[PDB]
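A short worksheet on the structure shown next.
In PDB author numbering, the protein residues as written are 1 to 107.
This is how it looks when you write it as structure tokens:
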């Protein structure tokens, strides 16, 4: 505690979000997309931890503060390691006070 706003570690953020994709990924997600994720995810696993953006107030339906939120994208990648097929994106409030985590399924 040397500042006011603290971010989350790469492995830490991914860890939490990862568990959220395993527990959340259900009815909220499209059926067909659920299956594919079940058959192809191990060999084609994708979970890139991106940052916030300005073009947020369009998809989720609410403006978000940039460089102040943890953006997580969990999709399916190839053997070349990429991220062109995202399944669900999560947004976790970096800060400790108030934990606003809202994931988006098939936009």
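Every residue gets a Cβ at the ideal spot worked out from N, C-alpha and C, and that includes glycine.
Subject >> contact_flag[the segment 36-46, the segment 63-72] where n(CB pairs < 8 Å) is 3 or more >> reply: As far as the Cβ criterion goes, the segment 36-46 does not touch the segment 63-72, which means the pair count is below three.
Original post:
My guess is that residue 17 and residue 74 are in contact by the Cβ rule of under 8 Å, so how many angstroms apart are they, rounded?
Top reply: The residue you call residue 17 lines up with position 17 of the chain shown. The residue you call residue 74 lines up with position 74 of the chain shown. A Cβ-Cβ distance of about 7 Å is found for the pair residue 17 and residue 74, placing them in contact under the 8 Å criterion.
Original post:
Could you give the C-beta distance for residue 71 and residue 89, rounded to a whole number, given that I count them as a contact under 8 Å?
Top reply: For this step, residue 71 is matched to residue 71 along the chain shown. For this step, residue 89 is matched to residue 89 along the chain shown. About 7 Å separates the beta carbon of residue 71 from that of residue 89, a gap short enough to meet the 8 Å contact definition.
**OP:** State yes or no: is the C-beta of residue 7 within less than 8 Å of the C-beta of residue 102?
**Re:** Your numbering for residue 7 matches position 7 in the chain shown. Your numbering for residue 102 matches position 102 in the chain shown. Not closer than 8 Å, so no.
Original post:
Where does residue 91 sit, in a helix, a strand or coil, going by DSSP?
Top reply: Indexing the chain shown from 1 puts residue 91 at position 91. Of the three classes helix, strand and coil, the one that applies to residue 91 here is strand, per DSSP.
Original post:
To the nearest angstrom, how far is it from the Cα of residue 68 to the Cα of residue 38?
Top reply: As a working note, residue 68 is residue 68 in the chain shown. As a working note, residue 38 is residue 38 in the chain shown. When only Cα atoms are considered, residue 68 and residue 38 end up about 32 Å apart.
Subject >> Which of helix, strand or coil DSSP assigns to residue 34 >> reply: Within the chain shown, numbered from 1, the residue matching residue 34 stands at position 34. Residue 34: helix per DSSP, three-state reduction.
**OP:** May I ask you to check if the CB of residue 39 is nearer than 7 Å to at least one heavy atom of the ligand FMN?
**Re:** Judged by which ligands are present, the structure shown has none, so any question about the ligand FMN falls away.
Original post:
Taking just the CA atoms, how far does residue 104 sit from residue 24?
Top reply: The residue given as residue 24 occupies position 24 in the chain shown. The residue given as residue 104 occupies position 104 in the chain shown. The alpha-carbon separation between residue 24 and residue 104 amounts to approximately 11 Å.
Subject >> DSSP three-state assignment for residue 13, whether helix, strand or coil >> reply: Your numbering for residue 13 matches position 13 in the chain shown. Residue 13: helix per DSSP, three-state reduction.
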